[PDB]
There are 2 protein chains.
Amino acid sequence: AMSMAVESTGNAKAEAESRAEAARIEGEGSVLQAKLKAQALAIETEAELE
Amino acid sequence: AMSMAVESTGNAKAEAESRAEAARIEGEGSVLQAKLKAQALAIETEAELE
């Protein structure tokens, strides 16, 4: 049963650890993307304001 | 299970790392493109204003 316990936890958590680790890339990516999108829209909407 | 953990994380994050790395190119590209689009519309809309 101790092997059954470490089987279920170690396997299922490792799957749930990877998707959360992947979501961290989207979070850090979306920050840098939105930061770049700020400049994209800033230079677009401000320069076209003339 | 430690191999199962590094399998899921290392694989799934590497896929999510590449798409975020690709999105950085669009972000930096869109800034330079919008910056060039500013001149394109500026010279177009200002010179045609005469």
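Cβ coordinates were reconstructed from backbone atoms using ideal geometry, including for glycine residues, and neighbour counts include every protein chain displayed. Every number in this text was worked out from the coordinates using simple rules, so none of it is lab data.
Chain A: D in µm²/s via Stokes-Einstein (Kirkwood Rh, Cα pairs, 37 °C, 0.692 mPa s)? Spell out each step's value before the answer.
Details: Rh = 14.1 Å.
It diffuses with D of about 233 µm²/s by this estimate.
Roughly how many nanometres apart are two label points built 7 Å out from the Cα toward the Cβ at A:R24 and A:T45?
With each label point 7 Å from Cα toward Cβ, the separation is 3.3 nm.
What is the angle, in °, between the Cα long axis of helix B:2-47 and the longest principal axis of the Cα atoms in chain B? Nearest 10 is fine, range 0 to 90.
0
Could you work out [θ]222 nm for chain A from helices alone, using -39500 (n - 2.57) per DSSP H run of at least four and dividing by all its residues? Round to the nearest 500 deg cm²/dmol.
-34500 deg cm²/dmol
With just the Cα atoms defining each centre, how far is the stretch A:1-38 from the stretch B:9-28? Give it in Å.
Measuring centre to centre over Cα atoms gives 14 Å.
At B:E44, label 7 Å along Cα→Cβ: distances to the other copies, nm, ascending?
Nearest to farthest, the other copies are at 1.4 nm.
How far, in nm to one decimal, is A:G10 from itself in the other copies if the label point is set 7 angstrom along Cα toward Cβ? Shortest first, please.
In nanometres, ordered from closest: 1.6.
As I understand it, the dipole of the protein assembly as shown uses +1 on the Cβ of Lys and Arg and -1 on the Cβ of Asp and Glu, about the Cα centre. Which of B:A22, B:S3, A:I43 lies farthest toward its positive end?
B:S3
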